[PDB]
Amino acid sequence: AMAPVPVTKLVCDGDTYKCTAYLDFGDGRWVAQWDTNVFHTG
Amino acid sequence: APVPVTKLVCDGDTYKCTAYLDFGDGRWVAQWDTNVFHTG
Amino acid sequence: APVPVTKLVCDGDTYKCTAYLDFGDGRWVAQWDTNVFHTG
Ligand SMILES: CC(=O)N[C@@H]1[C@@H](O)[C@H](O[C@@H]2O[C@H](CO)[C@@H](O[C@@H]3O[C@H](CO[C@H]4O[C@H](CO)[C@@H](O)[C@H](O)[C@@H]4O[C@@H]4O[C@H](CO)[C@@H](O)[C@H](O)[C@H]4NC(C)=O)[C@@H](O)[C@H](O)[C@@H]3O)[C@H](O)[C@H]2NC(C)=O)[C@@H](CO[C@@H]2O[C@@H](C)[C@@H](O)[C@@H](O)[C@@H]2O)O[C@H]1N=[N+]=[N-]
Ligand SMILES: CCCCCC(=O)CC(=O)O
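Residues numbered from 1 in each chain as written, not as in the entry; some residues may be left out. Chains lettered and ligands numbered in written order. Heavy atoms only, no water. Residues with missing side-chain atoms left out of burial classes, pairs and counts.

Comments concerning the overall build of chain A
The secondary structure content of chain A amounts to zero helices and four strands. Moving toward the C terminus, one meets the helices and strands of chain A in the order β-β-β-β. The C-alpha extent of chain A, read off along each of the three principal axes, is 40 × 20 × 15 Å. Taking all contacts inside chain A whose residues are at least 6 apart in sequence as the whole, residues at least 24 apart take part in 6%. (Helix = DSSP H or I, 4+ residues; strand = E, 2+ residues; numbered from the N terminus. Contact = heavy atoms within 4.5 Å.)

Following this line, the structure appears as structure tokens:
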């Protein structure tokens, strides 16, 4: 299965509550993006 | 309980990300639904 | 606003992944629900 492609770089955003995974595919501008919780620990 | 992710992949046909875990035989994964799209 | 990840872990007891973020005092995380399982 060649469909799953590596993630080049993972970032997350506490304003939008999303993480964005840049993908090793095509022109470089495809991303995976999902909803996340974000909070300060301790 | 939390274990390191050794590798992360995402799939634009199934719309999932799969994280390979550093645990046991090396064949455990975490997997979640994701959006996938082209930016710009 | 998107910041880098310094460590990525997942947990098969709590069914979450956690990404420690490079921001502020260093204690901020992103955390989301995931499936976890052994393949094979
Ligand atoms: C002999 C031995 O030590 N064996 C080890 C195993 O015990 C261990 O497996 C984990 O074991 C614990 C019990 O000790 C399990 O915890 C229980 O889980 C049940 C079921 O949980 C599901 O359903 C409940 C209620 O409906 C939900 O709240 C849960 O989230 C979960 O449901 C899942 O939720 C996700 C996220 O939303 C969904 O994607 C998913 O589809 C959904 N699944 C289903 C079927 O609905 C719960 O009722 C009990 O109260 C209790 O919490 C735990 O489930 C089980 N984990 C797994 C992944 O099977 C394994 C794995 O070890 C763990 O994961 C590793 C990656 C690592 O992080 C390790 O540190 C963790 O402890 O290891 C065995 N030994 N080995 N190898
Ligand atoms: C922690 C590794 C367990 C590996 C699972 C096996 O199938 C046994 C081996 O070949 O060693």
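Some words on the site of ligand 1
All residues in the neighbourhood of ligand 1 are listed as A1(B), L21(B), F23(B), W28(B), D11(C), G12(C), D13(C), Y15(C), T34(C), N35(C) and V36(C). Between ligand 1 and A1(B) there is a distance of 2.7 Å, counted from an oxygen atom to a backbone nitrogen or oxygen. Here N35(C) contributes a backbone N or O atom positioned 3.4 Å from an oxygen atom of ligand 1. The protein chains hide 37% of the 1,400 Å² of surface that ligand 1 would expose on its own. Here the residues of the shell around ligand 1 are counted per class, giving six nonpolar, three polar and two charged. (Near = heavy atom within 4 Å. Polar contact = N/O pair within 3.5 Å; in protein donor to acceptor, adjacent residues only side chain to side chain. Areas by Shrake-Rupley, 256 points an atom, 1.4 Å probe, with all protein chains shown as cover. Nonpolar A, V, L, I, M, F, W, Y, C, P; charged D, E, K, R; others polar.)

Thoughts on the interface of chain A and chain B
A common way to express how large an interface is: the accessible area buried when the components associate. Every contact between the two is made by 15 residues of chain A and, on the other side, 14 residues of chain B. Tallied by class, the residues present in the side of chain A that touches chain B amount to twelve nonpolar, one polar and two charged. By the bridge criterion, three bridges tie strand 1 (residues 4-13) of chain A to strand 1 (residues 2-11) of chain B in an arrangement that is antiparallel. Its bridge partner being in strand 1 of chain B, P4(A) is matched across the sheet by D11(B). (Pairing = 2+ DSSP bridges.)

Overview of the side chain of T20(A)
Residue and element names in this part refer to chain A. Mapped onto the elements, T20 comes out in strand 2 (residues 18-23). A distance of 3.2 Å separates polar atoms of two side chains, one belonging to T20 and the other to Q33. Among all residues touching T20, those that are not within four sequence positions of it are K9, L10, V11, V31, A32 and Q33.

Some remarks on the interface of chain A and chain C
Taken together, the contact pairs 16 residues of chain A with 15 residues of chain C. The three residues of chain A that bury the most area against chain C are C12(A), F39(A) and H40(A), which together make up 38% of that side's buried surface. For the pair chain A and chain C, the interface holds zero salt bridges. Counting the contacts that link chain A with chain C gives six residue pairs in polar contact. Those elements that provide at least two residues to the side of chain A that touches chain C are strand 1, strand 3 (30-35) and strand 4 (37-40) of chain A. Of the residues forming the side of chain A that touches chain C, the biggest block, five residues, is contributed by strand 1 of chain A. Of the residues contributing to the side of chain A that touches chain C, the split by class is seven nonpolar, five polar and four charged. (Buried area = accessible area lost by both parts, 1.4 Å probe. Salt bridge = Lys/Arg side-chain N within 4 Å of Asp/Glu carboxyl O.)

Concerning the state of the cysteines
Residue and element names in this part refer to chain B. Applying the stated criterion to the full structure yields three disulfides over all chains. In this model, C10 is linked to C17 through a disulfide, with the two sulfur atoms separated by 2.1 Å. Around the S-S axis, the bridge from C10 to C17 shows a dihedral of about 100° and counts as right-handed. (Disulfide = S-S within 2.5 Å.)

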